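Residue numbers (PDB author numbering): 2 to 173. Here the structure comes first, spelled out in structure tokens, and everything after it is commentary.
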């Protein structure tokens, strides 16, 4: 695998109507990582995002917690989703960067966010980060920041696509 990366990792390869598929957004070896802004696309006819308690996302709903970006360095969380188009757009980043740098233990690897999806149709369907005019400096729909607040402009792979029911791809 690439040394440094971001990937949408699914917990399932196949799924029937009514199952939940969990998408974990995982980073690996992102130097001095402090936060991100991500633009994720899914097919809203096939998948429906729901919180850990089962509540349908609204325009301001954030993804669930992962294994990093859970510490109290004053986390900033802002979402601007379009549930009709199938777009989750969220920013999640530490604001207390002096304190974060002082801790000297950057969270360079881990799951930054989790999105649970109800499976509405049994057909091949993908989840990917995508560029958007509202975020012009994205790398394939991803903006990663270091602990000085600077954008990380190179050196990580955006590993995609994530696909559910790939074995049904002919029919699509």
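Just so it is clear, CB atoms sit at the ideal spot from N, CA and C, and this is done for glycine as well.
{"Item": "So, do the segment 54-64 and the segment 122-136 have three or more beta carbon pairs nearer to each other than 8 Å?", "Value": "no"}
{"Item": "Would you give the residue range spanned by the beta strand (DSSP E) that residue 89 belongs to?", "Value": "88-95"}
{"Item": "Do residue 163 and residue 11 have their C-beta atoms within less than 7 Å of each other?", "Value": "yes"}
{"Item": "If distances are taken between C-alpha atoms only, which option among 75, 103 and 113 comes closest to residue 97?", "Value": "75"}
{"Item": "Measuring alpha carbon to alpha carbon, tell me which residue in 150, 15 and 6 is nearest residue 102.", "Value": "150"}
{"Item": "Which whole-angstrom value is the C-beta distance of residue 35 and residue 148, which I expect to be below 8 Å?", "Value": "4 Å"}
{"Item": "To the nearest angstrom, how far is it from the Cα of residue 121 to the Cα of residue 161?", "Value": "22 Å"}
{"Item": "Tell me the rounded alpha-carbon separation between residue 14 and residue 22.", "Value": "9 Å"}
{"Item": "Since residue 84 and residue 58 should fall inside the 8 Å C-beta cutoff, what is the C-beta to C-beta distance between them, to a whole number of angstroms?", "Value": "6 Å"}
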